[PDB]
Amino acid sequence: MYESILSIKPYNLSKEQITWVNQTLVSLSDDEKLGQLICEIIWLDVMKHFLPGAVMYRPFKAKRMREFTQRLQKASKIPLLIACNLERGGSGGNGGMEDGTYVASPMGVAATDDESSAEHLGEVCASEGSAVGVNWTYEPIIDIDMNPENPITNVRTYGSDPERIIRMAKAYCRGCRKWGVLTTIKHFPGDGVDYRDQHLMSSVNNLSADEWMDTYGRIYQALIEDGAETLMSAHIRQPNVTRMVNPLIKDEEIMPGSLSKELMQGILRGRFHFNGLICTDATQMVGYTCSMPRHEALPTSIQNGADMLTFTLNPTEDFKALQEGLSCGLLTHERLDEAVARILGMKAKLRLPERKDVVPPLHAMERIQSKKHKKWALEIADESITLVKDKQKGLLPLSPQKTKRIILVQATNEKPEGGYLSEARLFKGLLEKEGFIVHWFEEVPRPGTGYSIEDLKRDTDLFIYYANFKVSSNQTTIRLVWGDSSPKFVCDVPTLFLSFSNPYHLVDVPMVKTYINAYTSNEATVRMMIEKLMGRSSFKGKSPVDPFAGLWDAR
């Protein structure tokens, strides 16, 4: 059975492999099959309530991951899919591992407009992940960064141009497959139209059916045909596409991707002929929990096309809900077997059953933070940093002979110990190496009743802003927050603004005359920024997006 699925892309299993999937399927109890639908988060005692089909590692040390893998796999009757959000390399972006290589955000790669940079990104992700036993990355994101106010897309995307997104996403996958790591296209039906986070609600892709088909649909078809192994159906609604499949559907029946049969079975399975593994986005996100009673939602997600539920809330209650859903018919035994078949087929595709070692040789660990990976990080930084606005004649290149005294102003939504980002301290120290006098904004006076603008101009030749407003779950804005530290004197003291993450900061500092986007806040990007501000390195980056956000005043 299931040869029509397992023998073709993205599976392409052999006769023997399909026999293993079928024989394993037959040997599983109902509870075992239900457990296979669940991916459990590791933050490894996750088998007390059921036997899960997969796990995802939060960011611990690479060595710990390699240890967890050996233990988890050696204890699992059915080999586990081992997931990780390897987004920006081995490290970076709230996922990956703690001591991996942080290469660059996806948008920083897109700024290079060189798809070989995305392939390199995918290689570092999959090379360092597979060394510790990871075989499934929840990447690449193929959302379109349409709405500059969306807090959860932003630098996690390859920008706002569908054609570039397709180029970069395909290259990323190309790099991952070279290391035997499954890829995941997300977030279906597509984030980036709304301005709201699906962690906090069910966000809405409200494009017309045609508009969606022409943009998001085009990208998904491109990655599906490219051989995308897995897809993540997120808690985002597409009402107009849903109504196209089901014109009589009531607005209250329209479910997000993770619960919608019109989207997962009508569009993906049907119209687009996606044959890979579908998993939901994390089930504890508000976008999921607020759309339907949970005891109903978990089995309905599988019944409506999803093969896997990502994470549990209360594991006992959740498994009990799957048991009852199967018992009372919310989930059919026939759809259950078909889901497990696709889960087991990806485990067979990875050749996990035949393997008799589990983790690679310890020598594999040497790829982590290898010279080659560090070197790609420096190439991407050299190619990505983008001079967006340069309307102050003579300012660049910087030199202590033109602006000796600098006030360095940090702006971030992080809360680093000591008050300052290590990357900002490094930037400060490197400016001083060049011969600048650099004080933090907090160290020097500011205009007021006892300090004049003439005094400020006497003590300050240049303001420089280090902006790092990063993407994180459950944030409703990544806008620039302070307000006397803002560029309020751009016509009195020259002012330079540097964004090391969010590229739309001109929304909040439109008065700035010199503005540069770097997309990534890591040591490699900081070092190339210094080289470029001093005139030793040319500005090569190209905005993969509109950094002015359609604002007349930002120019």
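Heads up, the Cβs are rebuilt from the backbone with ideal geometry, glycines too, and the neighbour counts pull from every protein chain shown. Just so it is clear, none of the values below were taken in a lab; they were calculated from the coordinates.
So the values come out like this:
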| quantity | calculated |
| --- | --- |
| Alpha carbon centroid spacing (whole Å) that separates the range 244-303 from the range 339-401 | 32 |
| Relative contact order, percent, the range 262-352 [alpha-carbon distance under 8 Å, six or more residues apart] | 31 |
| Cleavage-rule hits (GluC sites (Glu not before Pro)) in the range 227-275: DSSP loop, at most 15 neighbouring Cβ within 10 angstrom | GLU252, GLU253 |
| Cα shape, the range 358-421, gyration tensor, a/c 1.5 rule | prolate |
| For the range 442-555: span of alpha carbons on each principal axis (Å, largest first) | 44, 38, 29 |
| Two-decimal log10 I(q)/I(0) for the range 287-444, as the Debye equation yields it once each C-alpha is a single scatterer, q = 0.19 Å⁻¹ | -1.23 |
| MRE, 222 nm, helices only [DSSP H, n ≥ 4, -39500 (n - 2.57), over the chain, to nearest 500] | -10000 deg cm²/dmol |
| Cβ-based net charge around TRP440, under 15 Å, with every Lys or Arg adding one and every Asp or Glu removing one | -2 |
| Percent of Cα-Cα distances greater than 21 Å, calculated over the range 243-312 | 22 |
| Kirkwood hydrodynamic radius over Cα pairs of the range 1-385, then Stokes diffusion coefficient at 37 °C and 0.692 mPa s, in µm²/s | 159 |
| The range 69-144 and the range 12-49: distance between their alpha carbon centers, rounded to Å | 23 |
| Under Karplus coefficients 6.51, -1.76 and 1.60, residue-wise ³J(HN,Hα) of the range 219-231 in Hz, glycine/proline x | 5, 4, 4, 5, 6, 4, 5, 5, x, 3, 7, 10, 9 |
| Reachable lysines from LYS261, criterion Cα separation under 24 angstrom, eight or more residues apart if same chain | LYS9, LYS33, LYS186, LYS250, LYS320 |
| Scaled radius of gyration (Cα, divided by 2.2 N^0.38 Å) that the range 105-173 gives | 1.11 |
| Note, ³J(HN,Hα) from phi for the range 2-15, Karplus 6.51, -1.76, 1.60, rounded to Hz, x at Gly and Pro | 6, 5, 4, 8, 7, 8, 10, 3, x, 8, 6, 6, 7, 4 |
| Net charge, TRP179 excluded, C-beta distance under 10 Å - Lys, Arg +1, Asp, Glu -1 | +1 |
| Derived scalar couplings ³J(HN,Hα) [the range 302-308; Karplus, 6.51 cos²θ - 1.76 cosθ + 1.60; whole Hz; x for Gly, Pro] | 5, 4, 8, x, 6, 8, 8 |
| Dipole axis of the chain (+1 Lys, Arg; -1 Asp, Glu on Cβ), positive-most option in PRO256, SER384, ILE78 | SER384 |
